[PDB]
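Working notes for the structure below.
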Amino acid sequence: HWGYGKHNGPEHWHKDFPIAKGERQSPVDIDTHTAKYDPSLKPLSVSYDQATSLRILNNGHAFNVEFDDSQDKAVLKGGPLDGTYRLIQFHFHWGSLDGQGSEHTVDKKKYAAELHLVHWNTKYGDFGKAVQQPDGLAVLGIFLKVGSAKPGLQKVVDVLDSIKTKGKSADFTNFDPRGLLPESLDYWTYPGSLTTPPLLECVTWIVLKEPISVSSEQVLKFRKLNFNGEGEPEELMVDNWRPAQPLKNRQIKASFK
Ligand SMILES: [Co+2]
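Mapping of the sequence shown onto the deposited numbering: residues 4 to 125, 127 to 261, in sequence order.
Written as structure tokens, this is what we have:
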């Protein structure tokens, strides 16, 4: 199947997923000088007080922290969004080195990692129906730089030894995703896609301007995960990022001046 190797990486995905060469693919480079302030944007509302985390899963490409999305417990609203978007999972993309790992770039700068909080539009009833719609998903993207530790990340890092290999999961209840957010909610937004196959063009991206800081030790633990299953040759889960795709006929909007 697809992955991040030389033989199955991003440059190959179009053969099975022709939408890889589509009109609204993600990620993109955010050219900060050409993004324009949009006065029509509403304020961003992140309402995560009632979030119910359930489980963490190594799916062979990243690890997902999964949430109960059968009620409006953890929702994103406002900004560019019309309606209510429920948190289903978050995951990260990261590098083998601190100078790469993010999917979005900012003036061509790569961060060490990128957090994606994935939400689906409740008007479509379930995730699987939402991904078939142009406004089905809202993904909040947050850059990670290496510096000080992120305290709210540590409970994630410490369970990673229990989900080393593909297909492993662990209970992961009572995790508060608020502890992964930066101080400011200023953002850029644009219409795009999933960044993994099937690369569906269903995402309103909301990328925060302010990165969070994580420690060397925290990112090093991400890099100890495995793409392989237990009892298969070890292949470290690193460099699980798609590079920037052509912007084509899109404008990136800023929530701030
Ligand atoms: Co992602």
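All C-beta atoms in this analysis are idealised placements derived from N, C-alpha and C, irrespective of residue type, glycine included.
Original post:
Considering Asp-162, what are the terminal residues of the alpha helix (DSSP H) in which it resides?
Top reply: In the sequence shown, the residue the question calls residue 162 occupies position 158. That run of the alpha helix (DSSP H) goes 158-163.
Original post:
What is the rounded straight-line gap between the Cα of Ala-38 and the Cα of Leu-185?
Top reply: The sequence position of residue 38 within the sequence shown is 35, counting from 1. The sequence position of residue 185 within the sequence shown is 181, counting from 1. Straight-line Cα distance between these residues: approximately 23 Å.
**OP:** Over the uninterrupted beta strand (DSSP E) stretch that includes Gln-92, give me the two end residues.
**Re:** Within the sequence shown, the letter at position 89 stands for residue 92. Element bounds for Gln-92: 88-97.
Original post:
Quick one: what does DSSP say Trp-16 is sitting in, helix, strand or coil?
Top reply: By one-based count along the sequence shown, residue 16 stands at place 13. Secondary structure at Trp-16: helix, using DSSP grouped into helix, strand and coil.
Original post:
What are the boundary residues of the beta strand (DSSP E) that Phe-70 is part of?
Top reply: As a first step, residue 70 is located in the sequence shown; it is residue number 67 there, counting from the start. Run containing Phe-70: 66-70, per the beta strand (DSSP E) assignment.
**OP:** Tell me whether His-119 counts as near ligand 1, meaning its Cβ is closer than 7 Å to at least one heavy atom of that ligand.
**Re:** The residue you call residue 119 lines up with position 116 of the sequence shown. For ligand 1, at least one heavy atom lies less than 7 Å from the Cβ of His-119.
Original post:
Are the beta-carbon atoms belonging to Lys-228 and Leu-164 less than 8 Å from one another?
Top reply: The residue labelled residue 228 in the question sits at position 224 within the sequence shown. The residue labelled residue 164 in the question sits at position 160 within the sequence shown. Between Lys-228 and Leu-164, the C-beta spacing is below 8 Å.
**OP:** Would you mind reading off the limits of the beta strand (DSSP E) that contains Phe-147?
**Re:** Your numbering for residue 147 matches position 143 in the sequence shown. Annotation for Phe-147: the continuous beta strand (DSSP E) segment containing it runs 141-150.
**OP:** Have a look at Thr-169 and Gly-104 and give me their C-alpha separation to the nearest angstrom.
**Re:** Against the sequence shown, residue 169 aligns to sequence position 165. Against the sequence shown, residue 104 aligns to sequence position 101. Cα-Cα distance, rounded: 20 Å.
Subject >> Distance between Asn-232 and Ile-210 (C-alpha atoms, nearest Å) >> reply: Translated into positions along the sequence shown, residue 210 becomes position 206. Translated into positions along the sequence shown, residue 232 becomes position 228. The alpha-carbon atoms of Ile-210 and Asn-232 are separated by roughly 31 Å.
Original post:
Taking three-plus beta-carbon pairs below 8 Å as touching, is the stretch 8-26 in contact with the stretch 137-146?
Top reply: Between the stretch 8-26 and the stretch 137-146 there are fewer than three C-beta pairs closer than 8 Å, too few to call the two in contact.
Original post:
Got a sec? Which residues, its chain only, sit under 7 Å from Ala-54 by beta carbon, not counting five neighbours each side?
Top reply: The residue you call residue 54 lines up with position 51 of the sequence shown. The residues are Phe-70, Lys-76, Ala-77, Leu-90, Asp-180 and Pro-181.
Original post:
What number of angstroms, rounded off, separates the C-alpha of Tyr-191 from the C-alpha of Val-31?
Top reply: Translated into the one-based positions of the sequence shown, residue 191 becomes position 187. Translated into the one-based positions of the sequence shown, residue 31 becomes position 28. Roughly 14 Å between the two C-alpha positions.
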